[PDB]
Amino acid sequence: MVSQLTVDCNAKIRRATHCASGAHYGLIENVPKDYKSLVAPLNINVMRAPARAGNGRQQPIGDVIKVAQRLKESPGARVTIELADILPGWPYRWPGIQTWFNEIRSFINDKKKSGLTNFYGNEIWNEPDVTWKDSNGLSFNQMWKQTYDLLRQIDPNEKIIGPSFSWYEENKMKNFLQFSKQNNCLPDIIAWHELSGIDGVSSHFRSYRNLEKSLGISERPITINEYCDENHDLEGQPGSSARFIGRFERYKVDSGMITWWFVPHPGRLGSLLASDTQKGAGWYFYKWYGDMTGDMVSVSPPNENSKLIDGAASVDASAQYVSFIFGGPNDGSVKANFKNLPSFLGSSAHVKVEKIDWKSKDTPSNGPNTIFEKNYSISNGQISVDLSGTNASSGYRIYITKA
């Protein structure tokens, strides 16, 4: 059977922002060591890093002020401040509101003294649905409200990010939105994680935006600041990742960050690196993604509300190309239909079809392979590009230029 994806080059979503190009603890103080070869080429959007690292903190590495300084070499990039990781233990060992506030104030002082403004925002907590305990002496909503008021006083021009749920559920989100609207503590950027199973991801965006409408909340930017297939071993896998990229772009997600499931190995860009120093297959897939310029356009996949193959497409009238990247569970053949092809291609398009194969997150990769490359005659703005013998783990790209 044939898995079909249809790209409509006239159906502009928005400009290319590489919204899903980031990772939690994906960049740390000195891993990757080679910023220019391993980080800079990816056109990073937003990373995520702990507000503090080291003695007494959640992890020994990842200081966000040091990470933000590294990211200045990528002038468009930003980094999320994860305030929760001031605290040690999982679930976080709450030290009382007094120490929490002292630590936040000390961090904000250092933040301002750094002079950096490439932070994405202050994220108040992390997975309260996993880590907040009533025995802390106050509810999550209470800690949220109180910390929100603190942040507005001491860092008024910074965005506030949350509530950072481990998984999306409509009642949980609605309760939080209702609480936050009525008590004037709505986040500037809404945050949750998609690490529990990809099938429902798109339905979560639809649920969330319907909640904003039904509750009278002006539209918030969305950050999915941890995402991964339900199988942790697929972190950074090209095939799996193509579906998150496609769906995040389809719903105009502001930023998305890959999970950090493998705590022994921080600094690998979301398992895009096979080691601290070597690229994995995912690096090459995200490089294709980061290279996209122009407008993102609509991709119609077999079923975005499932595990099946999905992807994202860009059209650039100045560079004169179309790019379509895709991957995921499929029927073993793929038919990529293009409609309303750019008139700059005339009657003849040069089509290069490539794949990046994957063995595991820790397998080094030498890069993609060209499956085939040839010219296609364009009739009524349409071509169909067939790929045989496809799998669910490889990443694929169709790159269209003038013939």
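Just count from 1 along the sequence shown to find any residue number.
Averaged over Cα atoms, the B-factor as recorded in the entry is higher for 177-185 than for the other of 177-185 and 221-229. When the C-alpha B-factors of 281-289 and 129-137 are averaged, 129-137 comes out higher. The PDB entry assigns the greatest CA B-factor among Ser114, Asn303, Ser323, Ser164 to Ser114. Highest C-alpha temperature factor among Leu308, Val79, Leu195, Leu87 per the entry: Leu87. Among the modelled residues of its chain, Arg70 has a C-alpha B-factor that falls in the highest third, as given in the PDB entry. In the PDB entry, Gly395 places in the middle third of its chain by CA B-factor. Compared with the other modelled residues of the chain, the Cα B-factor recorded for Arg48 ranks in the lowest third. In the PDB entry, a CA B factor belonging to the lowest third of its chain's modelled residues is recorded for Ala23. Compared with the other modelled residues of the chain, the Cα B-factor recorded for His350 ranks in the highest third.
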